[PDB]
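Student: A single structure is presented below for examination.
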Amino acid sequence: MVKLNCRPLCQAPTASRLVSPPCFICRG
Amino acid sequence: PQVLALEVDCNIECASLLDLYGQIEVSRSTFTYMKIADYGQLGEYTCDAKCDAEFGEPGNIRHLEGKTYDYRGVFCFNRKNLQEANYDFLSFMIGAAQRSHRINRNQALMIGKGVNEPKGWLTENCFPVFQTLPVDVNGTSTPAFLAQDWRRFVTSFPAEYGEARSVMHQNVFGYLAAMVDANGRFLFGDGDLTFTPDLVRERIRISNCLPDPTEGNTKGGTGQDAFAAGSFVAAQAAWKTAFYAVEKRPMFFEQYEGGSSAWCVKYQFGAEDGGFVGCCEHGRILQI
Amino acid sequence: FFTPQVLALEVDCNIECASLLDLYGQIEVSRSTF
Amino acid sequence: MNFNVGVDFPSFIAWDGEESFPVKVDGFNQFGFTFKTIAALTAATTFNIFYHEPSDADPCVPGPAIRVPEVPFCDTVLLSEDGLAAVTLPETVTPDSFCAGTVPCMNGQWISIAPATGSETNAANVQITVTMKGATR
């Protein structure tokens with residue numbers, strides 16, 4: 001029957017972060 | 001009222017983790033084969049002054065077997081936001097079905113949960129897993145991955161097995177090529193603003209729907225992004241003997257006469273194939 | 001998504017009066033006053 | 001055989017008798033107006049148009065209500081003393097006769113209508129909503 005369908009009008013796209021390899025201190 | 005001819009889609013495909021496995025064909029829906037478990041001890045250096053002999057312990061043997069599996073969809077219609085004319089939505093459904101079949105087949109063969117599925121070699125947990133070493137920093141042993149580790153993982157494979165390639169996500173390779181040393185230099189290949197070695201020589205096949213421990217590059221880590229404990233980082237195997245994919249019948253499609261009352265045209269389709277693992281020893285998985 | 005097809009068409013239902021003009025006398029002046 | 005005529009031309013409440021509602025037309029390029037009455041009118045009524053910008057606090061909510069300036073066409077005979085756009089519903093409109101309107105100059109990201117002061121008691125018996133034409137995204 002009536003399958004009421006949706007879509008978005010707007011949204012609030014944030015800023016995904018960006019972490020990259022920190023320096024390695026040393027094992028030990 | 002000036003409709004164009006562009007049909008921008010923006011949908012992604014996985015990698016094809018199938019050509020690596022052992023491809024096999026069979027008509028029947030149930031196959032079987034032999035296995036040599038372990039030859040076993042069959043003697044000892046008999047000491048001197050003894051024309052006698054000795055016994056001991058031979059090795060077991062197992063004629064194993066497996067089955068195939070099915071994947072079938074019905075998809076009916078009504079025929080007047082249809083056959084009249086906007087677009088052959090039928091062909092849209094056919095292409096979507098083929099794409100779905102490929103992607104779900106790959107996902108299954110990767111993670112197939114036992115019952116009625118090829119048992120996913122990931123969830124099998126019988127491939128050896130190598131958790132990585134924790135990393136002390138500012139008085140905190142926070143889990144993290146470090147260049148040598150990767151190398152130590154790829155070199156720790158038993159060489160006498162044979163050529164074992166590796167599999168990983170593009171996020172992991174991006175995290176890897178962005179390794180920086182204490183001298184702020186780009187720890188790995190360095191001095192070209194990037195790092196593009198041909199992975200075929202570096203025996204690495206890349207994928208994009210692997211478990212991606214570096215989720216959208218967000219999961220990295222110093223204290224909150226932390227790479228997170230036990231998370232599939234990568235894998236490595238001689239896939240020509242580690243896993244196997246058996247192919248029985250491709251996708252097929254046909255009109256279902258009956259039930260179709262000249263408006264609800266009901267189409268029926270499906271496919272049959274399966275997969276299994278070899279001995280899950282030729283290959284390991286790098287995890288946190 | 002479909003294109004409903006347009007056809008030949010003229011529906012008007014607009015009416016007018018009669019013409020009580022020929023009955024009156026006809027004058028054809030060239031200037032503006034007579 | 002009525003099509004799903006809501007997946008295009010989506011309508012949203014603009015004035016439910018006693019409350020306005022800012023509506024986002026950014027995704028759309030064209031949007032009209034539908035006025036309806038629910039009872040008998042007494043005198044003519046007037047309405048002022050407003051528009052809203054993305055609030056600095058949130059890029060997905062309407063800001064304040066800035067008045068909309070009237071753009072004149074050709075063959076215009078009168079301009080609102082303020083120069084701001086506005087609409088008016090004349091007296092003697094029976095409540096089974098819809099009314100349409102459209103400003104040809106969009107500005108902002110949200111639109112809104114308000115009952116012009118002194119003509120707001122009859123506004124209760126007035127209903128206003130808006131449909132659109134676009135998606136663009």
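We label chains A, B, ... in the order they appear in the structure tokens, count residues from 1 in each chain, and number ligands from 1 in the order shown.
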If we count only C-alpha atoms and set the cut-off at 10 Å, which residues sit around residue D:59, ignoring sequence neighbours fewer than 2 positions away in its own chain? Please answer as number ranges by chain.
Tutor: A: 10-13; D: 53-57, 61-63
Student: Just need the residues of chain B within 12 Å of chain C, counting only C-alpha atoms, so spit them out as a list in words.
Tutor: residues 1, 3, 80, 81, 82, 83, 84, 85, 86, 87, 88 and 89 of chain B
Student: Could you dump the residues just selected with N, CA and C atoms as a compact mmCIF listing (two decimals), in the first residue's frame?
Tutor:
# COMPACT_ATOMS: atom_id res chain seq x y z
N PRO B 1 11.80 21.82 -19.08
CA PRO B 1 11.40 20.74 -19.99
C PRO B 1 12.46 20.44 -21.04
N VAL B 3 15.03 17.74 -20.72
CA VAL B 3 15.70 16.58 -20.12
C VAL B 3 16.98 16.25 -20.87
N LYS B 80 2.07 -0.26 -15.42
CA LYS B 80 1.69 1.03 -16.02
C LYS B 80 2.29 2.28 -15.37
N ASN B 81 3.31 2.10 -14.54
CA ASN B 81 4.35 3.10 -14.31
C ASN B 81 5.62 2.33 -14.67
N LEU B 82 5.55 1.81 -15.88
CA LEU B 82 6.21 0.62 -16.37
C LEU B 82 6.04 0.68 -17.88
N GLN B 83 5.92 -0.48 -18.53
CA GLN B 83 5.81 -0.68 -19.98
C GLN B 83 5.44 0.56 -20.81
N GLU B 84 4.73 1.54 -20.24
CA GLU B 84 4.35 2.70 -21.03
C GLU B 84 5.55 3.43 -21.64
N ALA B 85 6.33 4.16 -20.83
CA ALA B 85 7.68 4.63 -21.17
C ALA B 85 8.23 5.71 -20.24
N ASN B 86 9.20 5.37 -19.40
CA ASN B 86 10.14 6.38 -18.93
C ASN B 86 11.56 5.85 -19.08
N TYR B 87 11.73 4.57 -18.76
CA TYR B 87 13.03 3.93 -18.71
C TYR B 87 12.79 2.45 -18.41
N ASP B 88 13.67 1.60 -18.93
CA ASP B 88 13.48 0.17 -18.76
C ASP B 88 13.86 -0.27 -17.35
N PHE B 89 13.08 0.16 -16.35
CA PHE B 89 13.30 -0.16 -14.94
C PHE B 89 13.64 -1.62 -14.72
Student: Would you kindly return, as a compact mmCIF listing (two decimals) with N, CA, C and O atoms, in the first residue's frame, each protein, DNA or RNA residue with an atom no farther than 12 Å from any atom of residue A:3, considering only C-alpha atoms and excluding same-chain residues fewer than 4 positions away?
Tutor:
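Contents of part.txt, as written:
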# COMPACT_ATOMS: atom_id res chain seq x y z
N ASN D 4 2.91 9.43 -7.29
CA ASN D 4 3.46 9.88 -6.02
C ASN D 4 3.91 11.33 -6.19
O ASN D 4 5.09 11.65 -6.29
N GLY D 6 4.08 13.64 -4.31
CA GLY D 6 4.78 14.22 -3.19
C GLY D 6 6.29 14.14 -3.25
O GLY D 6 6.97 14.87 -2.53
N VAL D 7 6.83 13.29 -4.12
CA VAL D 7 8.28 13.14 -4.27
C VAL D 7 8.76 14.24 -5.20
O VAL D 7 9.96 14.37 -5.48
Student: Excluding residue B:38 and its own-chain neighbours fewer than 3 positions away, which residues fall within 10 Å of it when counting only C-alpha atoms? Please give them as a PyMOL selection string.
Tutor: chain B and resi 35+41+58-61
Student: Go ahead and write the residues just picked, N, CA, C and O atoms, as a PDB file, in the first residue's frame.
Tutor:
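Final output, saved to result.pdb:
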ATOM      1  N   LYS B  35      42.347 -35.874   2.123  1.00  0.00           N
ATOM      2  CA  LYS B  35      43.276 -35.050   2.888  1.00  0.00           C
ATOM      3  C   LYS B  35      44.310 -35.930   3.576  1.00  0.00           C
ATOM      4  O   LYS B  35      43.983 -37.007   4.081  1.00  0.00           O
ATOM      5  N   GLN B  41      55.439 -40.118  12.992  1.00  0.00           N
ATOM      6  CA  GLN B  41      56.633 -40.888  13.321  1.00  0.00           C
ATOM      7  C   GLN B  41      56.461 -42.351  12.932  1.00  0.00           C
ATOM      8  O   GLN B  41      55.433 -42.967  13.223  1.00  0.00           O
ATOM      9  N   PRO B  58      51.314 -43.879  13.384  1.00  0.00           N
ATOM     10  CA  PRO B  58      51.125 -43.284  12.058  1.00  0.00           C
ATOM     11  C   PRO B  58      50.190 -42.091  12.103  1.00  0.00           C
ATOM     12  O   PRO B  58      49.799 -41.642  13.183  1.00  0.00           O
ATOM     13  N   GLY B  59      49.828 -41.566  10.942  1.00  0.00           N
ATOM     14  CA  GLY B  59      49.046 -40.352  10.876  1.00  0.00           C
ATOM     15  C   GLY B  59      47.661 -40.596  10.320  1.00  0.00           C
ATOM     16  O   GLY B  59      47.430 -41.521   9.542  1.00  0.00           O
ATOM     17  N   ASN B  60      46.734 -39.746  10.744  1.00  0.00           N
ATOM     18  CA  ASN B  60      45.330 -39.896  10.397  1.00  0.00           C
ATOM     19  C   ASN B  60      45.112 -39.435   8.955  1.00  0.00           C
ATOM     20  O   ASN B  60      46.020 -38.933   8.286  1.00  0.00           O
ATOM     21  N   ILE B  61      43.864 -39.533   8.495  1.00  0.00           N
ATOM     22  CA  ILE B  61      43.491 -39.228   7.118  1.00  0.00           C
ATOM     23  C   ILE B  61      42.006 -38.909   7.145  1.00  0.00           C
ATOM     24  O   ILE B  61      41.265 -39.440   7.981  1.00  0.00           O
TER      25      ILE B  61
END
Student: Provide as an mmCIF file with N, CA and C atoms, in the first residue's frame the residues of chain D at most 12 Å from chain A, counting only C-alpha atoms.
Tutor:
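As a result, part.cif now contains:
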data_model
loop_
_atom_site.group_PDB
_atom_site.id
_atom_site.type_symbol
_atom_site.label_atom_id
_atom_site.label_comp_id
_atom_site.auth_asym_id
_atom_site.auth_seq_id
_atom_site.Cartn_x
_atom_site.Cartn_y
_atom_site.Cartn_z
ATOM 1 N N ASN D 2 -3.162 7.916 -9.485
ATOM 2 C CA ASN D 2 -2.464 9.117 -9.050
ATOM 3 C C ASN D 2 -1.013 8.793 -8.722
ATOM 4 N N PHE D 3 -0.097 9.533 -9.338
ATOM 5 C CA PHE D 3 1.318 9.309 -9.104
ATOM 6 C C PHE D 3 1.716 9.820 -7.722
ATOM 7 N N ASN D 4 2.913 9.425 -7.292
ATOM 8 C CA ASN D 4 3.461 9.881 -6.016
ATOM 9 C C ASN D 4 3.907 11.329 -6.191
ATOM 10 N N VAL D 5 2.929 12.230 -6.172
ATOM 11 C CA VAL D 5 3.159 13.615 -6.558
ATOM 12 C C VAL D 5 3.642 14.374 -5.328
ATOM 13 N N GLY D 6 4.079 13.636 -4.309
ATOM 14 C CA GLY D 6 4.777 14.224 -3.186
ATOM 15 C C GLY D 6 6.287 14.141 -3.254
ATOM 16 N N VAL D 7 6.832 13.286 -4.123
ATOM 17 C CA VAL D 7 8.278 13.137 -4.272
ATOM 18 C C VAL D 7 8.764 14.238 -5.203
ATOM 19 N N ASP D 8 7.820 15.038 -5.685
ATOM 20 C CA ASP D 8 8.084 16.335 -6.285
ATOM 21 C C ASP D 8 6.946 17.234 -5.844
ATOM 22 N N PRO D 10 6.746 19.231 -3.147
ATOM 23 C CA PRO D 10 6.400 18.949 -1.747
ATOM 24 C C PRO D 10 5.832 20.188 -1.071
ATOM 25 N N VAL D 23 10.215 28.072 5.771
ATOM 26 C CA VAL D 23 10.407 26.913 4.911
ATOM 27 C C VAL D 23 11.640 27.142 4.050
ATOM 28 N N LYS D 24 12.450 26.098 3.903
ATOM 29 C CA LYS D 24 13.697 26.189 3.156
ATOM 30 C C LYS D 24 13.423 25.883 1.690
ATOM 31 N N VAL D 25 13.795 26.812 0.814
ATOM 32 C CA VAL D 25 13.619 26.653 -0.620
ATOM 33 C C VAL D 25 14.961 26.506 -1.332
ATOM 34 N N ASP D 26 16.050 26.336 -0.577
ATOM 35 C CA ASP D 26 17.382 26.288 -1.176
ATOM 36 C C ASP D 26 17.483 25.181 -2.218
ATOM 37 N N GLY D 27 17.064 23.967 -1.859
ATOM 38 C CA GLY D 27 17.055 22.882 -2.822
ATOM 39 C C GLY D 27 16.213 23.163 -4.048
ATOM 40 N N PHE D 28 15.256 24.071 -3.947
ATOM 41 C CA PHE D 28 14.344 24.343 -5.041
ATOM 42 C C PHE D 28 14.738 25.640 -5.743
ATOM 43 N N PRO D 54 20.851 31.635 6.860
ATOM 44 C CA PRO D 54 21.439 30.631 7.759
ATOM 45 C C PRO D 54 22.009 31.295 9.003
ATOM 46 N N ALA D 57 24.879 30.455 14.264
ATOM 47 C CA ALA D 57 24.977 29.353 15.214
ATOM 48 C C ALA D 57 24.790 28.001 14.537
ATOM 49 N N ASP D 58 23.999 27.942 13.470
ATOM 50 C CA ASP D 58 23.702 26.661 12.845
ATOM 51 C C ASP D 58 23.430 26.844 11.357
ATOM 52 N N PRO D 59 24.192 26.177 10.488
ATOM 53 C CA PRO D 59 24.005 26.358 9.042
ATOM 54 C C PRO D 59 22.784 25.636 8.490
ATOM 55 N N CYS D 60 21.899 25.158 9.370
ATOM 56 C CA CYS D 60 20.716 24.436 8.921
ATOM 57 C C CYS D 60 19.442 24.936 9.594
ATOM 58 N N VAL D 61 19.460 26.132 10.175
ATOM 59 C CA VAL D 61 18.274 26.701 10.812
ATOM 60 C C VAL D 61 18.072 28.124 10.300
ATOM 61 N N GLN D 109 17.413 32.028 2.535
ATOM 62 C CA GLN D 109 17.275 30.585 2.425
ATOM 63 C C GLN D 109 15.937 30.073 2.923
ATOM 64 N N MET D 132 6.739 23.516 -4.144
ATOM 65 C CA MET D 132 7.994 23.828 -4.803
ATOM 66 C C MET D 132 8.073 23.069 -6.117
ATOM 67 N N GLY D 134 11.586 22.317 -7.447
ATOM 68 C CA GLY D 134 12.938 21.840 -7.619
ATOM 69 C C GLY D 134 13.363 20.710 -6.702
ATOM 70 N N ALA D 135 14.530 20.135 -7.008
ATOM 71 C CA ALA D 135 15.321 19.393 -6.038
ATOM 72 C C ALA D 135 16.771 19.867 -5.994
ATOM 73 N N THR D 136 17.464 19.896 -7.140
ATOM 74 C CA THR D 136 18.829 20.407 -7.306
ATOM 75 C C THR D 136 19.871 19.665 -6.472
ATOM 76 N N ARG D 137 19.454 18.686 -5.679
ATOM 77 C CA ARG D 137 20.341 18.047 -4.706
ATOM 78 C C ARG D 137 19.584 16.956 -3.978
#
Student: Which residues of chain B come within 7 Å of chain A, and what is each one's closest atom pair and distance in Å (one decimal), counting only C-alpha atoms, sorted by chain and residue number, as JSON lines?
Tutor:
{"residue": "B:135", "atom": "CA", "partner": "A:27", "partner_atom": "CA", "distance": 6.9}
{"residue": "B:146", "atom": "CA", "partner": "A:24", "partner_atom": "CA", "distance": 6.8}
{"residue": "B:175", "atom": "CA", "partner": "A:21", "partner_atom": "CA", "distance": 6.4}
{"residue": "B:178", "atom": "CA", "partner": "A:21", "partner_atom": "CA", "distance": 6.5}
{"residue": "B:179", "atom": "CA", "partner": "A:21", "partner_atom": "CA", "distance": 5.7}
{"residue": "B:180", "atom": "CA", "partner": "A:23", "partner_atom": "CA", "distance": 5.9}
{"residue": "B:181", "atom": "CA", "partner": "A:23", "partner_atom": "CA", "distance": 5.8}
{"residue": "B:182", "atom": "CA", "partner": "A:23", "partner_atom": "CA", "distance": 6.1}
{"residue": "B:217", "atom": "CA", "partner": "A:18", "partner_atom": "CA", "distance": 6.2}
{"residue": "B:218", "atom": "CA", "partner": "A:18", "partner_atom": "CA", "distance": 5.7}
{"residue": "B:220", "atom": "CA", "partner": "A:19", "partner_atom": "CA", "distance": 5.5}
{"residue": "B:221", "atom": "CA", "partner": "A:19", "partner_atom": "CA", "distance": 6.7}
{"residue": "B:222", "atom": "CA", "partner": "A:22", "partner_atom": "CA", "distance": 6.9}
Student: Which residues are close to residue B:103, i.e. within 12 Å by only C-alpha atoms, leaving aside same-chain residues fewer than 6 positions away? Reply as an MDAnalysis selection string.
Tutor: chainID B and resid 12:18 96:97 109:110 208:209
